[PDB]
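Source file: structure-v8.cif (mmCIF, C-alpha atoms and all ligand atoms)
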data_my_file
loop_
_atom_site.label_atom_id
_atom_site.label_comp_id
_atom_site.auth_asym_id
_atom_site.auth_seq_id
_atom_site.Cartn_x
_atom_site.Cartn_y
_atom_site.Cartn_z
CA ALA A 1 -6.57 -8.93 -27.98
CA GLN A 2 -6.46 -12.67 -27.40
CA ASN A 3 -8.83 -14.27 -24.86
CA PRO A 4 -10.67 -11.02 -23.96
CA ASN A 5 -13.20 -12.80 -21.72
CA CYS A 6 -10.28 -14.17 -19.65
CA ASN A 7 -11.35 -17.81 -19.96
CA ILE A 8 -9.21 -20.61 -18.59
CA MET A 9 -7.48 -22.17 -21.58
CA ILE A 10 -6.47 -25.81 -21.94
CA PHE A 11 -3.38 -26.77 -23.93
CA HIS A 12 -2.37 -30.08 -25.53
CA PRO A 13 1.32 -29.76 -26.46
CA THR A 14 2.91 -32.36 -28.71
CA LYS A 15 6.03 -34.09 -27.44
CA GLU A 16 8.04 -31.80 -29.74
CA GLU A 17 6.36 -28.73 -28.24
CA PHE A 18 7.03 -30.10 -24.74
CA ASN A 19 10.80 -29.79 -25.08
CA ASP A 20 11.23 -26.05 -24.52
CA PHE A 21 9.43 -24.94 -21.36
CA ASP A 22 10.02 -21.19 -21.69
CA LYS A 23 9.00 -21.23 -25.35
CA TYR A 24 5.71 -22.97 -24.60
CA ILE A 25 4.82 -20.58 -21.75
CA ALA A 26 5.46 -17.72 -24.19
CA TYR A 27 3.24 -19.46 -26.75
CA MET A 28 0.40 -19.84 -24.24
CA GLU A 29 0.60 -16.13 -23.46
CA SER A 30 0.60 -15.27 -27.19
CA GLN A 31 -2.83 -16.96 -27.20
CA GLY A 32 -4.00 -14.91 -24.21
CA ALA A 33 -3.81 -17.68 -21.61
CA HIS A 34 -2.45 -15.37 -18.90
CA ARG A 35 -5.57 -13.20 -18.98
CA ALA A 36 -7.45 -15.92 -17.07
CA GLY A 37 -4.82 -16.12 -14.33
CA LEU A 38 -4.73 -19.90 -14.74
CA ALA A 39 -4.14 -22.42 -17.56
CA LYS A 40 -4.29 -26.21 -17.82
CA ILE A 41 -1.62 -28.14 -19.73
CA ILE A 42 -2.23 -31.77 -20.62
CA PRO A 43 1.14 -33.42 -21.28
CA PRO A 44 1.79 -35.49 -24.44
CA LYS A 45 0.58 -39.10 -24.16
CA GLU A 46 4.21 -40.23 -24.50
CA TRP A 47 5.29 -38.32 -21.38
CA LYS A 48 5.52 -39.56 -17.79
CA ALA A 49 6.63 -37.84 -14.59
CA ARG A 50 8.04 -41.10 -13.22
CA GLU A 51 7.60 -44.85 -13.68
CA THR A 52 5.27 -45.61 -10.73
CA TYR A 53 4.05 -44.18 -7.45
CA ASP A 54 4.36 -47.55 -5.70
CA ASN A 55 7.16 -46.57 -3.33
CA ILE A 56 6.19 -43.19 -1.93
CA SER A 57 4.67 -44.33 1.37
CA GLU A 58 7.78 -43.67 3.47
CA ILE A 59 7.96 -39.98 2.63
CA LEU A 60 7.53 -38.10 5.93
CA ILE A 61 5.00 -35.34 6.49
CA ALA A 62 6.90 -33.77 9.39
CA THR A 63 4.17 -31.27 10.24
CA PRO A 64 0.69 -32.18 9.00
CA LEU A 65 -1.68 -29.20 9.26
CA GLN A 66 -5.24 -29.44 10.56
CA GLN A 67 -7.25 -26.76 8.77
CA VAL A 68 -9.75 -25.38 11.26
CA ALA A 69 -12.40 -23.01 9.88
CA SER A 70 -14.14 -19.97 11.40
CA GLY A 71 -16.96 -17.92 9.93
CA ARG A 72 -19.85 -18.81 7.63
CA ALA A 73 -20.09 -21.43 4.89
CA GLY A 74 -19.28 -19.00 2.09
CA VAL A 75 -16.98 -16.55 3.94
CA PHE A 76 -14.52 -18.07 6.36
CA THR A 77 -10.94 -18.14 7.49
CA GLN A 78 -8.86 -21.18 8.36
CA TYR A 79 -5.97 -21.58 10.72
CA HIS A 80 -3.44 -24.36 10.65
CA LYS A 81 -3.05 -26.46 13.76
CA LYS A 82 0.18 -28.46 13.78
CA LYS A 83 -0.16 -32.22 14.21
CA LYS A 84 2.35 -34.96 14.94
CA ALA A 85 4.48 -36.30 12.09
CA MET A 86 3.20 -39.12 9.92
CA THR A 87 4.36 -40.95 6.80
CA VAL A 88 2.55 -40.61 3.49
CA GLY A 89 1.32 -44.20 3.98
CA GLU A 90 -0.19 -43.26 7.33
CA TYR A 91 -1.63 -40.06 5.84
CA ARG A 92 -3.24 -41.97 2.96
CA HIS A 93 -4.85 -44.33 5.46
CA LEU A 94 -6.17 -41.36 7.45
CA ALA A 95 -7.51 -39.69 4.28
CA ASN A 96 -9.41 -42.87 3.42
CA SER A 97 -10.87 -43.34 6.92
CA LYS A 98 -14.60 -42.89 7.52
CA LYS A 99 -13.98 -39.57 9.28
CA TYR A 100 -12.08 -37.98 6.39
CA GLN A 101 -12.98 -39.79 3.17
CA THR A 102 -14.77 -38.24 0.20
CA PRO A 103 -18.56 -38.63 0.47
CA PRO A 104 -20.70 -40.31 -2.19
CA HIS A 105 -21.35 -37.84 -5.02
CA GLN A 106 -22.79 -37.73 -8.54
CA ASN A 107 -20.15 -35.68 -10.35
CA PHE A 108 -17.64 -32.85 -9.78
CA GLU A 109 -20.45 -30.28 -9.55
CA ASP A 110 -22.25 -32.27 -6.85
CA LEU A 111 -19.01 -32.57 -4.88
CA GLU A 112 -18.38 -28.82 -5.27
CA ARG A 113 -21.85 -28.16 -3.81
CA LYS A 114 -21.07 -30.41 -0.85
CA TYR A 115 -17.70 -28.74 -0.33
CA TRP A 116 -19.09 -25.21 0.00
CA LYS A 117 -22.08 -26.35 2.03
CA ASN A 118 -20.14 -28.40 4.58
CA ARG A 119 -16.43 -27.42 4.54
CA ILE A 120 -16.52 -25.31 7.68
CA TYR A 121 -17.96 -28.16 9.79
CA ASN A 122 -14.86 -30.30 9.30
CA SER A 123 -11.11 -29.91 9.85
CA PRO A 124 -9.20 -31.87 7.21
CA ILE A 125 -5.47 -32.48 7.59
CA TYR A 126 -3.06 -31.25 4.84
CA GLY A 127 0.57 -32.20 4.20
CA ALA A 128 1.69 -28.92 2.65
CA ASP A 129 4.92 -27.21 1.66
CA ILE A 130 7.11 -30.30 1.88
CA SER A 131 10.42 -29.62 0.15
CA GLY A 132 11.05 -32.36 -2.39
CA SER A 133 10.21 -33.77 -5.82
CA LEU A 134 8.59 -36.87 -7.28
CA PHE A 135 9.86 -36.32 -10.82
CA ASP A 136 12.27 -38.98 -12.05
CA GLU A 137 15.69 -37.42 -12.62
CA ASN A 138 15.56 -38.89 -16.15
CA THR A 139 12.38 -36.98 -16.96
CA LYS A 140 13.79 -34.19 -19.10
CA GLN A 141 10.60 -32.34 -20.07
CA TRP A 142 8.59 -30.19 -17.62
CA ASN A 143 10.50 -31.60 -14.65
CA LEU A 144 9.60 -29.17 -11.88
CA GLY A 145 12.95 -29.82 -10.16
CA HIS A 146 14.90 -28.84 -13.30
CA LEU A 147 13.42 -25.47 -14.23
CA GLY A 148 15.50 -22.37 -14.77
CA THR A 149 15.67 -20.49 -11.49
CA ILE A 150 13.98 -17.18 -10.67
CA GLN A 151 17.36 -15.86 -9.56
CA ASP A 152 18.86 -16.64 -12.96
CA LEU A 153 15.85 -15.06 -14.67
CA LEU A 154 16.36 -11.84 -12.71
CA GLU A 155 20.04 -11.91 -13.61
CA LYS A 156 19.34 -12.51 -17.32
CA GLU A 157 16.78 -9.70 -17.44
CA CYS A 158 18.25 -7.11 -15.12
CA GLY A 159 21.93 -8.03 -14.87
CA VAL A 160 22.04 -8.34 -11.11
CA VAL A 161 23.31 -11.47 -9.41
CA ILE A 162 21.55 -12.42 -6.18
CA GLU A 163 21.63 -15.10 -3.51
CA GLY A 164 18.79 -17.56 -3.14
CA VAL A 165 17.47 -20.84 -4.43
CA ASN A 166 14.21 -22.11 -5.86
CA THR A 167 13.05 -25.74 -5.24
CA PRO A 168 9.74 -27.60 -5.53
CA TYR A 169 7.26 -28.41 -2.79
CA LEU A 170 5.05 -31.48 -2.36
CA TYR A 171 1.44 -31.33 -1.18
CA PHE A 172 -0.45 -34.31 0.16
CA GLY A 173 -4.17 -33.61 0.34
CA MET A 174 -7.44 -35.19 1.38
CA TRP A 175 -11.15 -34.39 0.95
CA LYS A 176 -11.89 -30.73 1.84
CA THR A 177 -8.27 -29.70 2.23
CA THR A 178 -8.24 -26.10 1.13
CA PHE A 179 -5.96 -23.48 -0.35
CA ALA A 180 -6.99 -19.94 0.53
CA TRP A 181 -7.27 -17.00 -1.86
CA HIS A 182 -3.78 -15.78 -2.78
CA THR A 183 -1.33 -14.72 -5.42
CA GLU A 184 2.19 -16.12 -5.37
CA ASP A 185 5.12 -14.62 -3.47
CA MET A 186 6.17 -11.46 -5.31
CA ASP A 187 3.30 -12.21 -7.73
CA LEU A 188 5.36 -14.91 -9.41
CA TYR A 189 4.03 -17.64 -11.67
CA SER A 190 3.42 -21.05 -10.23
CA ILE A 191 3.24 -24.43 -11.88
CA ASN A 192 1.48 -27.34 -10.24
CA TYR A 193 1.56 -31.00 -11.28
CA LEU A 194 -1.03 -33.38 -9.85
CA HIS A 195 1.04 -36.58 -9.51
CA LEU A 196 -1.50 -38.99 -8.12
CA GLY A 197 -4.97 -39.43 -6.67
CA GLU A 198 -8.21 -37.49 -6.61
CA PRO A 199 -8.81 -34.14 -8.35
CA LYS A 200 -8.16 -30.58 -7.27
CA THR A 201 -10.73 -27.86 -8.06
CA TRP A 202 -9.39 -24.35 -8.73
CA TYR A 203 -10.98 -20.89 -8.65
CA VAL A 204 -9.19 -17.93 -10.24
CA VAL A 205 -9.68 -14.18 -10.72
CA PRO A 206 -8.21 -12.62 -13.89
CA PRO A 207 -5.09 -10.57 -13.03
CA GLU A 208 -6.64 -7.45 -14.56
CA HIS A 209 -9.42 -7.73 -11.93
CA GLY A 210 -7.35 -8.71 -8.90
CA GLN A 211 -8.03 -5.43 -7.13
CA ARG A 212 -11.78 -6.17 -7.26
CA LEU A 213 -11.18 -9.30 -5.23
CA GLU A 214 -8.99 -7.35 -2.82
CA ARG A 215 -11.70 -4.74 -2.28
CA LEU A 216 -14.31 -7.43 -1.55
CA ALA A 217 -11.88 -9.17 0.82
CA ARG A 218 -11.39 -5.91 2.75
CA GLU A 219 -15.18 -5.64 3.10
CA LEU A 220 -15.65 -9.29 4.15
CA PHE A 221 -12.71 -9.46 6.56
CA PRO A 222 -12.66 -5.95 8.00
CA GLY A 223 -10.56 -6.62 11.12
CA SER A 224 -7.93 -8.44 9.07
CA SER A 225 -7.85 -5.53 6.64
CA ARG A 226 -7.20 -3.06 9.45
CA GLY A 227 -4.37 -5.25 10.73
CA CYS A 228 -2.50 -5.56 7.44
CA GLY A 229 -2.49 -3.77 4.09
CA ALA A 230 -1.97 -7.07 2.28
CA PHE A 231 -3.63 -9.64 4.52
CA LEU A 232 -4.43 -12.04 1.67
CA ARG A 233 -0.66 -12.74 1.86
CA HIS A 234 -1.52 -14.61 5.08
CA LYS A 235 -3.27 -17.22 2.91
CA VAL A 236 -6.15 -17.91 5.30
CA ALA A 237 -9.25 -16.31 3.69
CA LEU A 238 -11.93 -18.19 1.72
CA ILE A 239 -14.79 -16.75 -0.30
CA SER A 240 -17.23 -19.05 -2.13
CA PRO A 241 -18.16 -18.79 -5.83
CA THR A 242 -21.71 -17.91 -4.73
CA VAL A 243 -20.44 -14.93 -2.73
CA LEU A 244 -18.14 -13.89 -5.58
CA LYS A 245 -21.13 -13.92 -7.96
CA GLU A 246 -23.29 -11.97 -5.49
CA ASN A 247 -20.61 -9.28 -5.46
CA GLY A 248 -19.91 -9.26 -9.19
CA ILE A 249 -16.32 -10.48 -8.92
CA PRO A 250 -15.16 -11.97 -12.21
CA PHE A 251 -13.76 -15.48 -11.79
CA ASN A 252 -13.47 -18.89 -13.37
CA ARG A 253 -13.27 -22.47 -12.15
CA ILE A 254 -11.72 -25.69 -13.39
CA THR A 255 -10.94 -29.14 -12.03
CA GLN A 256 -7.42 -30.54 -12.38
CA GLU A 257 -7.03 -34.32 -12.57
CA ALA A 258 -4.03 -36.58 -12.01
CA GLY A 259 -1.43 -36.25 -14.77
CA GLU A 260 -2.26 -32.61 -15.55
CA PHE A 261 -0.31 -29.38 -15.06
CA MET A 262 -1.79 -26.06 -13.99
CA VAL A 263 0.04 -22.76 -14.40
CA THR A 264 -0.94 -19.68 -12.42
CA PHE A 265 0.08 -16.34 -13.90
CA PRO A 266 1.41 -13.21 -12.17
CA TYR A 267 -1.19 -11.59 -9.91
CA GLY A 268 -3.75 -14.29 -10.67
CA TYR A 269 -5.61 -14.81 -7.39
CA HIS A 270 -6.52 -18.44 -6.88
CA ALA A 271 -8.11 -20.73 -4.29
CA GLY A 272 -9.37 -24.29 -4.25
CA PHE A 273 -9.86 -27.67 -2.64
CA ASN A 274 -8.94 -31.32 -2.98
CA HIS A 275 -11.50 -34.02 -3.75
CA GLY A 276 -9.80 -36.82 -1.82
CA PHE A 277 -6.33 -38.26 -1.23
CA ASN A 278 -3.83 -36.83 -3.68
CA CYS A 279 -0.31 -35.60 -4.19
CA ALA A 280 0.73 -32.48 -6.07
CA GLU A 281 4.09 -30.85 -6.70
CA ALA A 282 4.48 -27.13 -7.28
CA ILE A 283 7.13 -24.47 -7.74
CA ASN A 284 7.32 -20.76 -8.51
CA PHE A 285 8.93 -19.53 -11.70
CA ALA A 286 9.46 -16.33 -13.62
CA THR A 287 9.55 -15.00 -17.17
CA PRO A 288 10.57 -11.62 -18.56
CA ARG A 289 6.93 -10.49 -18.32
CA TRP A 290 6.94 -11.19 -14.57
CA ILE A 291 9.50 -8.48 -13.73
CA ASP A 292 6.98 -5.61 -13.81
CA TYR A 293 4.59 -7.58 -11.60
CA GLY A 294 7.39 -8.28 -9.13
CA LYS A 295 8.08 -4.53 -8.91
CA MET A 296 4.45 -3.82 -8.05
CA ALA A 297 3.69 -6.76 -5.76
CA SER A 298 2.04 -5.83 -2.45
CA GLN A 299 3.75 -6.99 0.74
CA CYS A 300 2.67 -8.08 4.18
CA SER A 301 4.67 -5.98 6.66
CA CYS A 302 2.49 -6.67 9.70
CA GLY A 303 4.72 -9.72 9.87
CA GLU A 304 2.22 -12.59 9.78
CA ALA A 305 3.35 -13.71 6.33
CA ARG A 306 6.98 -14.62 6.92
CA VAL A 307 9.10 -13.99 3.86
CA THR A 308 11.64 -16.63 2.84
CA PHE A 309 15.39 -16.08 2.50
CA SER A 310 15.06 -16.11 -1.27
CA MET A 311 12.24 -13.62 -1.42
CA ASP A 312 14.45 -11.22 0.59
CA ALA A 313 16.56 -10.55 -2.49
CA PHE A 314 13.55 -10.04 -4.73
CA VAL A 315 12.20 -7.29 -2.47
CA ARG A 316 15.69 -5.81 -2.04
CA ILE A 317 16.30 -5.45 -5.77
CA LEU A 318 12.81 -4.86 -7.18
CA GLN A 319 11.34 -2.88 -4.28
CA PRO A 320 14.23 -1.08 -2.54
CA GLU A 321 11.92 1.61 -1.03
CA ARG A 322 9.81 -1.01 0.75
CA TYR A 323 12.75 -3.19 1.75
CA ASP A 324 13.47 -1.60 5.14
CA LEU A 325 9.92 -1.60 6.55
CA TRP A 326 9.23 -5.01 5.07
CA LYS A 327 12.33 -6.67 6.56
CA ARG A 328 11.24 -5.56 10.03
CA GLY A 329 8.15 -7.72 9.65
CA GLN A 330 10.57 -10.48 8.74
CA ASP A 331 12.63 -9.71 11.84
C1 LIG B 401 -17.81 -19.15 -13.51
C2 LIG B 401 -18.54 -17.85 -13.42
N1 LIG B 401 -19.89 -17.84 -13.60
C3 LIG B 401 -20.61 -16.67 -13.52
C4 LIG B 401 -22.00 -16.65 -13.71
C5 LIG B 401 -22.68 -15.46 -13.62
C6 LIG B 401 -21.99 -14.27 -13.34
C7 LIG B 401 -20.63 -14.27 -13.16
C8 LIG B 401 -19.93 -15.47 -13.24
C9 LIG B 401 -18.47 -15.55 -13.06
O1 LIG B 401 -17.81 -14.54 -12.81
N2 LIG B 401 -17.87 -16.77 -13.16
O1 LIG B 402 -2.13 -27.19 -4.30
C1 LIG B 402 -2.21 -26.39 -3.34
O2 LIG B 402 -2.63 -26.71 -2.21
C2 LIG B 402 -1.78 -24.96 -3.54
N1 LIG B 402 -1.15 -24.71 -4.82
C3 LIG B 402 -0.97 -23.48 -5.29
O3 LIG B 402 -1.47 -22.49 -4.75
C4 LIG B 402 -0.16 -23.29 -6.48
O4 LIG B 402 0.27 -24.29 -7.10
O5 LIG B 402 0.09 -22.12 -6.84
NI NI B 403 -0.59 -20.72 -5.40
ZN ZN B 404 0.26 -9.14 7.20
#
Translate the structure of the given file into structure tokens.
Ligand SMILES: Cc1nc2ccccc2c(=O)[nH]1
Ligand SMILES: O=C(O)CNC(=O)C(=O)O
Ligand code: NI
Ligand SMILES: [Zn+2]
Amino acid sequence: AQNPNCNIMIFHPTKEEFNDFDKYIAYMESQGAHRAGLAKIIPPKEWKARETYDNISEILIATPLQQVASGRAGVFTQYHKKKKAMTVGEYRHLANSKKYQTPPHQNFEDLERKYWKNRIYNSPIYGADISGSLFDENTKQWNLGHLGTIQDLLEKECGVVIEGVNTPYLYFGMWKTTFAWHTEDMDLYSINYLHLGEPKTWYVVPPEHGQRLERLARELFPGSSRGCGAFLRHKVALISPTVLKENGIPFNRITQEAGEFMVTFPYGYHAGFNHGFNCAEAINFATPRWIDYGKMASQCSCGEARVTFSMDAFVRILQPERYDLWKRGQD
């Protein structure tokens, strides 16, 4: 078996290899990349997402989210407090202000130490889940707005035609902005391109060990666990690498820099934080290997994790037995 220790693999495709997206994902998996839950892809030196990022300041962040923490440094939840709209230019200025800017640090490891020591004592503001794309329409390779759709994948694999669409989301981050432990909707893949700015550090649990993380989460957030059989779907729980190690949870870490892609694989739990002002673009996608994960994906039915229009059809077709109870949480 390839990659038995479930290490995060890093790929350097040639421009020729960068033409066929599906084929390269399949290649990565043939090398065992999916066992880690996360892979890095460094694009060919000839490739660019777009010409410049000089004219992005007038993008609107309609609902910036202030991420307020509760708990202890290594085991906490965050809730999102809605703030007034601001442009990306205004957001960048805020990110760089004395209150929010990245502190002096020696290296990525030093900054990681500072993050887990001090994150809960601050409330950074995130521009998340903004529908849109920063890929030039003339960028033909690995353009996250031009991928084959999950709906068409389901149709190709299973022969059923369904409603729904599948578009990218932009994320504007600052120091300490945080993404909680989660797998994707319906345990889909995700692909994430860091367009511009400071790095993003990722943590990931191998898919074959996802249930170990779930068990620890139930122990660490016992009230949440009683309230919902899949509360990590709420995307609000954080557990530090120190606490993961103390509890023997297998995981890996890696830092993504501007110009690099990350792919998360089905049922690969991940979490992380931004180093400073940045912009990422991400979208879910599927492959034939995803279908069995989609069938088995655990759902939030307590209702906290609202399920999108498009995910309705996934549950309806792949999980017909759960559909009724699960749609009540939606309604
Ligand atoms: C990144 C990582 N380091 C470890 C060190 C000791 C024991 C376990 C781990 C682990 O799961 N991940
Ligand atoms: O970048 C973020 O804040 C969150 N991204 C993801 O969880 C992802 O790409 O799957
Ligand atoms: Ni994700
Ligand atoms: Zn729930």
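Among all protein and nucleic acid residues, the ones that lie within 10 Å of ligand LIG 401 (chain B) when counting all atoms listed in the file are residues 7, 203, 204, 205, 206, 241, 242, 244, 245, 246, 247, 248, 249, 250, 251, 252, 253 and 254 of chain A.
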Produce as JSON, numbers by chain the set of residues near ligand ZN 404 (chain B), where near means within 10 Å with only C-alpha atoms and all ligand atoms considered. {"A": [224, 225, 226, 227, 228, 229, 230, 231, 232, 233, 234, 235, 299, 300, 301, 302, 303, 304, 305, 306, 329]}
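Restricting the calculation to all atoms listed in the file, the smallest distance between ligand LIG 402 (chain B) and any of A:188, A:165, A:95, A:325 is found for A:188.
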Residues within 10 Å of stretch 38-51 of chain A, please, as a PyMOL selection string. Count all atoms listed in the file; anything in the same chain fewer than 3 positions from it doesn't count. chain A and resi 6-18+28-29+33-35+54+134-144+189-193+195+202-207+252-257+259-266+268-270
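Taking atom CA of residue A:184 and atom CA of residue A:279 as the two end points, the separation is 19.7 Å.
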Pick out the closest residue to residue A:272 from this set: A:96, A:177, A:298, A:87. Count only C-alpha atoms. A:177
Separation of atom CA of residue A:84 from atom CA of residue A:55 in Å: 22.2 Å
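Residues with any atom within 8 Å of stretch 99-104 of chain A, counting only C-alpha atoms and excluding same-chain neighbours fewer than 2 positions away, are residues 94, 95, 96, 97, 106, 124, 174, 175, 275 and 276 of chain A.
The shortest atom-to-atom distance to ligand LIG 402 (chain B), with only C-alpha atoms and all ligand atoms taken into account, belongs to A:282 out of A:59, A:25, A:282, A:147.
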Atomic distance atom CA of residue A:113 - atom CA of residue A:237, expressed in Å with one decimal: 18.9 Å
To test the calculation: enclose all listed atoms of ligand LIG 402 (chain B) in a box whose edges run along x, y and z, add 5 Å on each side, then state centre and edge lengths in Å to one decimal, as JSON.
{"center_x": -1.2, "center_y": -24.7, "center_z": -4.7, "size_x": 12.9, "size_y": 15.1, "size_z": 14.9}
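Nearest residue to ligand NI 403 (chain B), choosing from A:157, A:208, A:129, A:324 and counting only C-alpha atoms and all ligand atoms: A:129.
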Using all atoms listed in the file, the best pick from A:88, A:130, A:216, A:297 as closest to ligand LIG 402 (chain B) would be A:130
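For the set A:60, A:125, A:236, A:68, the residue with the smallest atom-to-atom gap to residue A:170 is A:60, counting only C-alpha atoms.
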Quick one: everything within 10 Å of residue A:323, counting all atoms listed in the file, minus sequence neighbours fewer than 5 positions away in the same chain. Send it as an MDAnalysis selection string. chainID A and resid 299 301 312:318 328
Could you give me, as a VMD selection string, the residues that have an atom at most 10 Å away from the point (16.1, -14.5, -13.1) in the coordinates of the file, using all atoms listed in the file? chain A and resid 148 to 162 285 to 288 290 to 291 314
Saving stretch 31-85 of chain A with C-alpha atoms, as a PDB file, in the first residue's frame, what would that file be?
ATOM      1  CA  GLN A  31       0.664   7.353  -4.959  1.00  0.00           C
ATOM      2  CA  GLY A  32      -1.345   7.197  -1.732  1.00  0.00           C
ATOM      3  CA  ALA A  33      -1.860  10.943  -1.287  1.00  0.00           C
ATOM      4  CA  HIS A  34      -5.444  10.551  -0.055  1.00  0.00           C
ATOM      5  CA  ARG A  35      -4.343   8.515   2.959  1.00  0.00           C
ATOM      6  CA  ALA A  36      -3.113  11.732   4.612  1.00  0.00           C
ATOM      7  CA  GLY A  37      -6.425  13.532   4.094  1.00  0.00           C
ATOM      8  CA  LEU A  38      -4.548  16.485   2.594  1.00  0.00           C
ATOM      9  CA  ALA A  39      -2.056  17.096  -0.243  1.00  0.00           C
ATOM     10  CA  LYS A  40      -0.118  20.123  -1.483  1.00  0.00           C
ATOM     11  CA  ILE A  41       0.205  20.848  -5.201  1.00  0.00           C
ATOM     12  CA  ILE A  42       2.755  23.372  -6.396  1.00  0.00           C
ATOM     13  CA  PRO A  43       1.727  24.575  -9.863  1.00  0.00           C
ATOM     14  CA  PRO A  44       4.194  24.636 -12.793  1.00  0.00           C
ATOM     15  CA  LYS A  45       6.404  27.747 -12.856  1.00  0.00           C
ATOM     16  CA  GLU A  46       4.773  28.701 -16.178  1.00  0.00           C
ATOM     17  CA  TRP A  47       1.287  28.859 -14.632  1.00  0.00           C
ATOM     18  CA  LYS A  48      -0.542  31.849 -13.174  1.00  0.00           C
ATOM     19  CA  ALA A  49      -4.009  32.206 -11.663  1.00  0.00           C
ATOM     20  CA  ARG A  50      -4.322  35.759 -12.998  1.00  0.00           C
ATOM     21  CA  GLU A  51      -2.090  38.633 -14.108  1.00  0.00           C
ATOM     22  CA  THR A  52      -2.082  40.742 -10.916  1.00  0.00           C
ATOM     23  CA  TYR A  53      -3.974  41.261  -7.678  1.00  0.00           C
ATOM     24  CA  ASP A  54      -3.763  45.050  -7.987  1.00  0.00           C
ATOM     25  CA  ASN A  55      -7.477  45.668  -8.480  1.00  0.00           C
ATOM     26  CA  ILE A  56      -9.226  43.541  -5.875  1.00  0.00           C
ATOM     27  CA  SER A  57      -9.787  46.210  -3.212  1.00  0.00           C
ATOM     28  CA  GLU A  58     -13.391  46.961  -4.192  1.00  0.00           C
ATOM     29  CA  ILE A  59     -14.624  43.420  -3.626  1.00  0.00           C
ATOM     30  CA  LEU A  60     -17.229  43.615  -0.847  1.00  0.00           C
ATOM     31  CA  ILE A  61     -17.170  41.472   2.279  1.00  0.00           C
ATOM     32  CA  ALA A  62     -20.895  41.830   2.963  1.00  0.00           C
ATOM     33  CA  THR A  63     -20.774  40.051   6.312  1.00  0.00           C
ATOM     34  CA  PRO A  64     -17.352  39.951   7.977  1.00  0.00           C
ATOM     35  CA  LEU A  65     -17.311  37.467  10.879  1.00  0.00           C
ATOM     36  CA  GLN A  66     -15.706  38.185  14.246  1.00  0.00           C
ATOM     37  CA  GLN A  67     -14.489  34.859  15.619  1.00  0.00           C
ATOM     38  CA  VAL A  68     -15.041  34.917  19.367  1.00  0.00           C
ATOM     39  CA  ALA A  69     -13.520  32.036  21.356  1.00  0.00           C
ATOM     40  CA  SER A  70     -14.694  30.228  24.505  1.00  0.00           C
ATOM     41  CA  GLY A  71     -12.864  27.559  26.466  1.00  0.00           C
ATOM     42  CA  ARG A  72      -9.177  26.902  27.096  1.00  0.00           C
ATOM     43  CA  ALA A  73      -6.159  27.593  24.901  1.00  0.00           C
ATOM     44  CA  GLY A  74      -6.016  24.082  23.469  1.00  0.00           C
ATOM     45  CA  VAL A  75      -9.735  23.159  23.536  1.00  0.00           C
ATOM     46  CA  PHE A  76     -12.158  25.876  22.551  1.00  0.00           C
ATOM     47  CA  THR A  77     -15.143  26.739  20.436  1.00  0.00           C
ATOM     48  CA  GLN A  78     -15.676  29.868  18.379  1.00  0.00           C
ATOM     49  CA  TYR A  79     -18.822  31.644  17.383  1.00  0.00           C
ATOM     50  CA  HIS A  80     -19.184  34.070  14.531  1.00  0.00           C
ATOM     51  CA  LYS A  81     -20.436  37.544  15.332  1.00  0.00           C
ATOM     52  CA  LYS A  82     -21.647  39.395  12.241  1.00  0.00           C
ATOM     53  CA  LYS A  83     -20.029  42.765  11.556  1.00  0.00           C
ATOM     54  CA  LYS A  84     -20.886  45.599   9.185  1.00  0.00           C
ATOM     55  CA  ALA A  85     -19.889  45.283   5.525  1.00  0.00           C
TER      56      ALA A  85
END
